[PDB]
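These notes are about the structure you will find just below.
Heads up, the Cβs are rebuilt from the backbone with ideal geometry, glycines too, and the neighbour counts pull from every protein chain shown. Just so it is clear, none of the values below were taken in a lab; they were calculated from the coordinates.
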Amino acid sequence: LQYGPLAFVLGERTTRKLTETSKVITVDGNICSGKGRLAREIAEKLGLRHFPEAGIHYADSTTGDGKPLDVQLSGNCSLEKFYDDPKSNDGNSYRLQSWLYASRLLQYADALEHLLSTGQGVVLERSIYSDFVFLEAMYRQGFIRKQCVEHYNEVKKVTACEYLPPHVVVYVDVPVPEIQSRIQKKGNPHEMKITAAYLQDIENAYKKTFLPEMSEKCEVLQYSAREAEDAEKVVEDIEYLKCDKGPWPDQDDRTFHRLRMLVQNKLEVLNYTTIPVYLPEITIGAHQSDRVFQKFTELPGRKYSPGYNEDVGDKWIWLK
Amino acid sequence: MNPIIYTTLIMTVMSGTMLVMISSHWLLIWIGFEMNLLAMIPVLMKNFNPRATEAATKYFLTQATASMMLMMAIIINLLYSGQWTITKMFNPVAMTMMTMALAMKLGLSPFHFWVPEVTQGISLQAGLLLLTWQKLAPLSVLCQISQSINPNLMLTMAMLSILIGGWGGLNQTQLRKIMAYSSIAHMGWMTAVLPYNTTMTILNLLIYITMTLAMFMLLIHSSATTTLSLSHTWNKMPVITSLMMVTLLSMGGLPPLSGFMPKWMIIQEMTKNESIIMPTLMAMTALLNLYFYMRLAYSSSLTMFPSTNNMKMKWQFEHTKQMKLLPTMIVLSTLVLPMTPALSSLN
Amino acid sequence: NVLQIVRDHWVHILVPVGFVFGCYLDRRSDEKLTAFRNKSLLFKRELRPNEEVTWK
Amino acid sequence: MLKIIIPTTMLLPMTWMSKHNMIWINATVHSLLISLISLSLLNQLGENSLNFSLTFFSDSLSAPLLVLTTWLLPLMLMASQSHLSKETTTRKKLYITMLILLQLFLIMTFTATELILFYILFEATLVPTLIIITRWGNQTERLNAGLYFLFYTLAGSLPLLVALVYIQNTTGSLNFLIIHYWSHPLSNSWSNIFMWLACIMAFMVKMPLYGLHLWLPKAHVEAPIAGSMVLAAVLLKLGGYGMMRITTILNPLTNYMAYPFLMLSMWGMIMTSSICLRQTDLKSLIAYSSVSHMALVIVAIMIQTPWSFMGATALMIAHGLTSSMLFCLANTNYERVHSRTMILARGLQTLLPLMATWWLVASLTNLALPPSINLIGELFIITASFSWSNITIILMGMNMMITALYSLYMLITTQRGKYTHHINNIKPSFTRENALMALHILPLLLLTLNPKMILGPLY
Amino acid sequence: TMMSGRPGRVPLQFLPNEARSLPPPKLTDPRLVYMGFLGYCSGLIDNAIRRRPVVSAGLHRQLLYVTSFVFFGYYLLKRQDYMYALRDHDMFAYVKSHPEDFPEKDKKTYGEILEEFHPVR
Amino acid sequence: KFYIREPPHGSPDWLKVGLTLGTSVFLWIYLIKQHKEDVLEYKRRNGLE
Amino acid sequence: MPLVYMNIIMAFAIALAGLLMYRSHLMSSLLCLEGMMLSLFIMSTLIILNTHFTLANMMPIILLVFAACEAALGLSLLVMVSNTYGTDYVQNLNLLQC
Ligand SMILES: CCCCCCCCCCCCCCCCCC(=O)OC[C@H](COP(=O)([O-])OCC(O)COP(=O)([O-])OC[C@@H](COC(=O)CCCCCCCCCCCCCCCCC)OC(=O)CCCCCCCCCCCCCCCCC)OC(=O)CCCCCCCCCCCCCCCCC
Ligand SMILES: CCCCCCCCCCCCCCCCC[C@@H](O)O[C@H](CO[C@H](O)CCCCCCCCCCCCCCC)COP(=O)(O)OCC[N+](C)(C)C
Ligand SMILES: CCCCCCCCCCCC(=O)OC[C@H](COP(=O)([O-])O)OC(=O)CCCCCCCCCCC
Ligand SMILES: Nc1ncnc2c1ncn2[C@@H]1O[C@H](COP(=O)(O)OP(=O)(O)O)[C@@H](O)[C@H]1O
């Protein structure tokens, strides 16, 4: 049966299921770094499940079929548009930032659920606690507004105040000129239009706020490009991190039960991502909301519950 | 809180209420009230926060004062009669003390403030349990001792409850405070009909409990605690908003819905006793309750308020937890008017 | 085909069968009010040799 | 009455199980069939009513109203299918369900044999109407209009419930036959005065009486076309039907308590006609015309003579048909130009000829042009009021003059003159709209041919 | 409490043995049909809330809803009929036992009764 | 196979279906028997048949 | 009725008035709440002893038991309020508004 209070009183215990290697590891870095490769290698060598960066359409990947939905029905934002015209008058920048924050929150909830119900560790290519660096970079470049920043802070507080911090934070530090060189070599025009200050602001936010903040919670590993390219030493350093001053040692079976009940309910996870704060960037009118909702319900496997979609090939509906 | 501890506290609350409803001794009735309060306080304080702590403190203070007054009434009745059996009390002063204590427990005006305060303080499940059970028990005691209730005092408190509930619900925007003021008004109706037909009191209690359960389950389903939070539910699951609109129409007493039956039967019974001004005033005052029900219905169902952008992800995901008996509560709170003559079975 | 047409045009019988059922229920309601049949002072009469009731 | 009630309760599943493109066709066809079936109730007796069972009965007053409701449903369906093309299938089905529920409640209201059941049903008619108004109205004022309508009606009706339960306790039964055969005189006392006030005030608010009418312009102007059609044709006649039914037990107190209501009705009829003379909105003009006609009906009922009841019934039926037709015409012109201002669109006589003919016929029937049943009812009421007193002729003549003035003013402003130069989206009139107008107007002339079918039991 | 405390009333007894002497409700009682209709509506609302096909999904669930509603409605109708019959029985017994309070009255025709006439003009 | 993740109600819960159908059948049989017994007892008590 | 009962009832009335009129401290109101049950205990045992209700002598003990249960509940709420606000003042219990 599904996990619940009856299962808890029956005897399913998170501490019993944990195998001393159930660790949450988040690899962070600036734009166009080797953090993805480092996360892949750490997840492979340590046997942990890898969760790539929570971009747009991650919720599409985790629901229905794996195929991503239309941009109009999932996100209503464009990273390419943000790169081309950051100071748009339609709120694209903050729409994208809020949608990406919600996606990262959902991915963190999924990773925590996997760790608590399986005992296997998770390696995230980015987390909730490192998402604000893009918001700070956007605000300091004038791309978004102070009201947008305040709304993001409110949502971040009321949402992330409920989840446990990562066990390990591995940050890959790369100087801005090397970042721009890698961007130039990659050849994608949209990110080739990225200015130098925007890349500098992300680095300033990472070094001055994120790393000092996460250092108090637990140990933080900082690597350069050359060190990160060799993942054997990274894995060896992770393995010999016996210190743990976070809340994970303090957690008990009841607290883990509450956390699992929270993370397995996705609507309860995303409850405060839609709070009635009518910013022009994110507010959607009644008519557009109704039309888009009608289209989403008109999608193939979305009109009814997952077990009750006839057009996708579900049978025995009359006895289900 | 551990699930075993939570379920044993709930069972202790229900055990206290059952002890009150089955006891024939005033001391055992008082014991049941004390046990109910003692096991109820942690239920209110389950989700720890300053608001929950303050609500629990206020509720405990009010219930402790009411229990002290009730025990004093019991002792005074013992002094003048030497009897412990719960029957028509033998002293008017003891009866007045008992009536005031039970009114304070029920939240009747002018002892009402704690009802909206605690209801706003506590969560939706706690508010549901509070309203339902903590109105169930003292009304049982009042029905037992109805034959000695002072009609003037009881009707004064009932009319005050109706007026105050209507006005408070008219002003409020928070859903829990609206529900609390609706509870105050319905308690006023039930206690008004109490000194004439305890069967009608029980009928109104059953209908009110059904409607309140349906409304609170719908609010839990929508995960909305304010008006604007409820205004986004049409974009995620419009069925819930439509069912809630029908339930709100029922709660206002609009025919041919279930909510009209208690008012109709109470008006008939009170008119049988050559009372016309009181039923007319009680019927006219309910228009305030209907007005703020309709104002809530405009925001949620009959119109379409602006939405946000992450509602798309909310669309993509599905409601996992199920509240069983919610369809039954929705049906029974809207479509049981033709089955009215079952009140004889209730008799 | 017939099966496809009937699957779409089966609702058109609902109102006619409701009318038939309503007429039947009217007959049943009338058959419960035969307390003064052939006993009203204005219309009282002797039965014909080959009829059992004056009206149904 | 089950042979008419059950087919509607079967129309509901038909609407909810029909295909997405056949809902209007199915609903219209079967509504017309139900109307044809309900035409059988016009065969009334000359001595007593048609008592089907212990719950439902039909009378020479109930039959024409039931036939009007059953005939009005398909016209509402046509107008709704006109203005609800872009709605989703579920919302179209919900709208049709609201219309069906309203018709069912109206049928049970007009056929209810007991006062308390009549009260329950005629109060139940509010919920579908309120939902329709506040959900499918176009303007921002639909919410305020719904609030006004609901609270006026309920503030009127709650003392009526108290009075009905008190009458049941005092006399033993609320059955109409019992309260008619066992009626006793109402002595002059404060208690009887307030019972009379409760009943009459509930039905006056439903009429509406002058000074209690604001909800009528608010609701009629801001409701959708189907809501406006049903509000004026049938829902206004609940007050008149109730007053005709309830005044059995209120005598002889009605001879003395009718003065304020008669004065209000007459002077407010004059005032609302004058208001129609200076209205900048077409729907408001039609609503105030409805107010004047129902004030005349109130006068007839209050004076309470056999000649007044017949005129009252005829005027109710004729006003229902005429008001429905006028609202439909105004809605067509609104759909053309998306605005209710009367002087915005002109020259419609030279832009749409046959629609101008429909406008002319509707305006001719609105004023009392003989031998129309409008004129029959108005003339009977005027003669009864003349017998009551000889200055009522002065008031009725002033009202008739202003009625003709504002009717022809509306016709001339909307049709005559030169067309607006910049309005170039007035497409030729649709076959559906022309059929709607024809179905509105032809039964009126047929009832003119056969007038005794709508003159009530007093004939 | 009118009928509470009636002599010989067994506590917590939904239907006493003396209720067996009354005609049981017919299985085709319109009240029972309305109870089944309520059960069907409950099943439809269940499907709608859980986002299943309203008329198709969960036929077994709809059947159980209807059956449970019919069962409880049948027993509720039995109890209601018993209580009303008991009320009428007690009322008739009291009327029999108090002839002084309920005396027969002389019946005079309308030819003998003088009623004032109020003209309508 | 349309869903990336197995739906919670992909396959009918045959135990629940059997329980539901059996409960419905048992309740109907019990109601029929109860009505028959009630009719017989009423006839016996009132001396009809 | 003798004057001893008068004094005991007056004591209960004084304790009840003291509870209903807060000054600053929640602890003082708890003390007033404990006094009411003390007066109730004294009144009940004076009534029972005088009338020789032999089986009723166990009632005051149960009264004391539930009195101190209420006292424990009040102390728990008071320590939570103190941890929240720094003082046991009832002025800080104003987040919720009627
Ligand atoms: C039976 C016909 C109806 C009779 C009504 C009479 C009164 C009893 C009501 C019982 C209702 C039960 C079902 C409730 C849930 C319905 C949910 C729904 O959408 O259903 C759509 C569903 C079909 O669409 P679907 O795609 O499957 O639905 C998927 C989504 O739910 C599609 O939804 P969506 O996600 O697209 O969302 C759109 C929609 C979603 O929301 C809704 O659709 C509303 C759902 C709740 C409605 C209220 C439920 C009942 C509450 C009490 C009603 C009291 C009525 C009396 C008082 C006066 C009026 C209030 O939201 C809106 O439109 C929002 C704007 C409008 C809001 C304001 C109006 C709300 C309703 C107020 C009036 C309530 C009374 C009429 C209710 C009619 C319900 C069909 O329609 C039905 O299931 C209709 C019933 C079909 C019965 C078939 C039976 C077998 C065949 C015929 C046999 C006949 C007898 C034969 C005898 C033997 C002959 C030989
Ligand atoms: C629609 C509103 C909610 C309705 C749901 C109510 C649920 C009630 C819960 C119990 C139902 C089943 C009970 C069957 C077993 C218990 C029977 C017995 O224990 O109780 C009987 C009494 O209980 C009731 O009679 C049975 C339940 C009756 C509920 C009828 C609701 C009628 C509401 C009107 C609308 C119709 C709704 C139709 C669908 C429910 C006899 O006890 P008694 O010692 O002698 O009564 C003491 C009360 N006194 C002191 C005042 C006399
Ligand atoms: C009796 C001996 C036989 C054997 C024992 C049977 C025990 C009880 C049967 C168990 C029912 C069951 O398991 O399935 C319930 C089904 C649907 O299941 P689910 O998927 O919704 O959980 O359907 C339902 O959900 C049932 C709906 C009923 C709701 C309650 C109706 C209340 C009736 C009276 C109301 C006034
Ligand atoms: N919160 C955010 N706000 C704006 N842009 C973001 C956010 N998160 C990620 N992105 C964009 O997504 C892209 C992801 O690239 P990335 O995976 O970091 O490249 P690489 O894999 O080479 O390191 C980046 O260009 C970054 O600008």
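List of remarks:
- Apart from one condition, A:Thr195 fits all of (1) over 24 Å from A:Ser74 (Cβ atoms); (2) under 14 Å from the mean Cα position of the chain (by Cα); (3) surrounded by fewer than 19 Cβ atoms within 10 Å (Cβ to Cβ); the exception is (2).
- Single match in A:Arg13, A:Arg49 (criterion: of a type outside the set (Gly, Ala, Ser), more than 30 Å from A:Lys193 (Cα to Cα), away from ligand 4 (no atom under 16 Å from the Cβ) and within 14 Å of another protein chain (Cβ to nearest Cβ)): A:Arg13
- Just one residue in the set D:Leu115, D:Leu101, D:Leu94, D:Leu84 is within 9 Å of chain B (Cβ to nearest Cβ), more than 16 Å from ligand 3 (Cβ to nearest atom) and of a type in the set (A, V, I, L, M, F, W, C); that residue is D:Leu94.
- For segment B:289-347, the helices (runs of 4 or more DSSP H) that sit wholly inside it and include 1 or more residues that are without any contact (Cβ under 8 Å) to a residue 60 or more places away in the chain and away from ligand 3 (no atom under 14 Å from the Cβ) are B:311-316, B:343-346.
- Residues satisfying the stated conditions in segment A:1-46, i.e. basic (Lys, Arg), assigned to a helix (DSSP H, G or I) and over 30 Å from A:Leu135 (Cβ atoms): A:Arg16, A:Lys17, A:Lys45
- Scan of segment C:10-41 for residues that are surrounded by 10 or more Cβ atoms within 10 Å (Cβ to Cβ) and over 27 Å from D:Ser40 (Cβ atoms), ordered by number: C:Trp10, C:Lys39
- Filter pass, B:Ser307 being closer than 17 Å to B:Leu230 by Cβ, more than 7 Å from every other protein chain (Cβ to nearest Cβ) and over 20 Å from the mean Cα position of the chain (by Cα): no
- Taking each residue of segment D:194-217 that is under 13 Å from D:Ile246 (Cβ atoms) and looking for partners that are polar (S, T, N, Q) and assigned to a helix (DSSP H, G or I) with beta-carbon atoms closer than 7 Å, six or more apart or interchain, yields D:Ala202/D:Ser157; D:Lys206/D:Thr153.
- Residue in segment A:47-67 that is of a type in the set (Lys, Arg), touching a helix residue (DSSP H, G or I) at 6+ places or on another chain (Cβ under 6 Å) and more than 30 Å from A:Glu227 (Cα to Cα) present: no
- Which listed residue is surrounded by 23 or more Cβ atoms within 10 Å (Cβ to Cβ) and either of a type outside the set (A, V, I, L, M, F, W, C) or in a helix (DSSP H, G or I) (or both), from D:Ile116, D:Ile4: D:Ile4
- Considering each residue of segment D:79-92 in turn, none proves to be in contact (Cβ under 8 Å) with a residue 60 or more places away in the chain and touching a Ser or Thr at 6+ places or on another chain (Cβ under 7 Å).
- Apart from one condition, D:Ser292 fits all of (1) within 16 Å of D:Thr403 (Cβ to Cβ); (2) surrounded by fewer than 20 Cβ atoms within 10 Å (Cβ to Cβ); the exception is (2).
- Selection count, segment D:167-191, where residues are within 30 Å of the chain's Cα centre (by Cα) and either surrounded by 13 or more Cβ atoms within 10 Å (Cβ to Cβ) or more than 20 Å from D:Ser58 (Cα to Cα) (or both): 10
- Qualifying residue in segment B:92-103 (condition: closer than 24 Å to B:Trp26 by Cα and free of Cβ contacts under 8 Å to residues at least 24 places away in the same chain): yes
- Residue within segment E:4-13 that is charged (D, E, K, R), at the interface with another protein chain (Cβ under 9 Å from one of its Cβ atoms) and away from ligand 4 (no atom under 16 Å from the Cβ) present: no
- B:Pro327, sole failed condition from (1) surrounded by fewer than 20 Cβ atoms within 10 Å (Cβ to Cβ); (2) within 16 Å of ligand 1 (Cβ to nearest atom); (3) more than 14 Å from chain A (Cβ to nearest Cβ): (1)
- Conditions (1) within 16 Å of ligand 1 (Cβ to nearest atom); (2) under 12 Å from D:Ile107 (Cβ atoms); (3) within 23 Å of the chain's Cα centre (by Cα); number of the one not met by D:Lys3: (3)
So that you can scan it fast, the table gives a plain yes or no per residue for (1) away from ligand 2 (no atom under 14 Å from the Cβ); (2) at the interface with chain F (Cβ under 9 Å from one of its Cβ atoms); (3) under 15 Å from B:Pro341 (Cβ atoms):
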| site | (1), (2), (3) |
| --- | --- |
| E:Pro23 | yes, yes, no |
| E:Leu44 | yes, no, no |
| E:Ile49 | yes, no, no |
| E:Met83 | no, no, yes |
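- In segment B:44-57, the residues that are surrounded by fewer than 21 Cβ atoms within 10 Å (Cβ to Cβ) and more than 7 Å from chain G (Cβ to nearest Cβ): B:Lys46, B:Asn47, B:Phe48, B:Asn49, B:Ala52
- Filtered residue count, segment C:1-41, keeping only those that are among the small types (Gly, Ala, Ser) and either within 10 Å of another protein chain (Cβ to nearest Cβ) or within 16 Å of ligand 2 (Cβ to nearest atom) (or both): 3
Yes/no per residue for (1) hydrophobic (A, V, I, L, M, F, W, C); (2) more than 18 Å from D:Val299 (Cα to Cα):
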residue	(1), (2)
D:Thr357	no, yes
D:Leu369	yes, yes
D:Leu379	yes, no
D:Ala384	yes, no
D:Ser387	no, no
D:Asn390	no, no
D:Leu395	yes, no
D:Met410	yes, yes
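- Scope segment A:279-320; condition of a type outside the set (D, E, K, R), away from chain F (no Cβ under 13 Å) and not in a loop (DSSP other than H, G, I, E, B); matching residues: A:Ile284, A:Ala286, A:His287, A:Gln288, A:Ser289, A:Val292, A:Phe293, A:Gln294, A:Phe296, A:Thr297
- Of the numbered criteria (1) away from every other protein chain (no Cβ under 13 Å); (2) touching a residue at least 24 places away in the same chain (Cβ under 8 Å); (3) surrounded by 10 or more Cβ atoms within 10 Å (Cβ to Cβ), the one C:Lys44 fails is (2).
- In the set (1) at the interface with another protein chain (Cβ under 9 Å from one of its Cβ atoms); (2) in contact (Cβ under 8 Å) with a residue 60 or more places away in the chain, B:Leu106 fails one condition alone, (1).
- Among residues of segment A:236-273, those that are surrounded by 13 or more Cβ atoms within 10 Å (Cβ to Cβ), farther than 16 Å from A:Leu112 by Cα and not β-branched (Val, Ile, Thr), counted: 5
- Criterion violated by B:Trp84 - all others in (1) under 21 Å from B:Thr132 (Cα atoms); (2) touching a residue at least 40 places away in the same chain (Cβ under 8 Å); (3) among the aromatic types (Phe, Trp, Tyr) satisfied: (1)
- Flag if D:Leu45 is away from every other protein chain (no Cβ under 11 Å) and either of a type in the set (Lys, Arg) or surrounded by fewer than 17 Cβ atoms within 10 Å (Cβ to Cβ) (or both): yes
- Among the conditions (1) over 18 Å from A:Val220 (Cβ atoms); (2) within 12 Å of ligand 4 (Cβ to nearest atom), A:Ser127 misses just one, which is (1).
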